[PDB]
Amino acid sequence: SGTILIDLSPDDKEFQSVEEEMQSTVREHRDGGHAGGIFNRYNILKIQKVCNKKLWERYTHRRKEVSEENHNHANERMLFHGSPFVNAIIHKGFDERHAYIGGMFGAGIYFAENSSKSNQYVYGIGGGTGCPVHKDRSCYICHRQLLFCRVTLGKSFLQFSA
């Protein structure tokens, strides 16, 4: 695939700033925890840096295109993504297979500023049937994975929504 995962030390300032963005963006959800579980904070077990030359050049190539269409402004964010297919994403990248066809803003790839929002999608749309082992959307035992992603927004269409 070309992808290597580098473990960050808990002593690394990079681990610490990523953990703080994960922990500080937890909120309560209108489903009372149905999709993602009941929690106020996480136990962070591991943070790995994702390194793929080909996927990175594909990103910076599209980022330059967007910035040249938007007065040299990529409008780049760091956002969370939750998916049962993180293993396919880190090896082959995002593509239409990672889109949600029935999403509120159409068939695209969805990202959240709230880590707890992305958490509702780790086990599928609306949490699916929850963890593989216990069929529990609020499992406190099974290990979950989120991506923290570099995302180019360029000129973003603003939708006011509930």
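In this text, rigid core is short for the largest set of C-alphas that superpose within 1.5 Å between two forms. Each residue number is its position in the shown sequence, starting from 1.
Farther from the shown form on average, by C-alpha root mean square after a core fit in 8 other deposited structures of this protein, is 96 to 104, of the stretches 96 to 104 and 34 to 42. Here 126 to 134 and 66 to 74 are compared by their mean Cα B-factor, and 126 to 134 comes out higher. The mean Cα B-factor in the deposited entry runs higher for 99 to 107 than for the other of 48 to 56 and 99 to 107. In this structure the maximum Cα B-factor among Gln23, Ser9, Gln145, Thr152 is found at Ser9. Among the modelled residues of its chain, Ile90 has a C-alpha B-factor that falls in the middle third, as given in the PDB entry. Ranked against the other modelled residues of its chain, the C-alpha B-factor of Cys139 as given in the entry falls in the middle third.
In this PDB entry, the Cα temperature factor of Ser156 sits in the bottom third of its chain's modelled residues, the lowest group.
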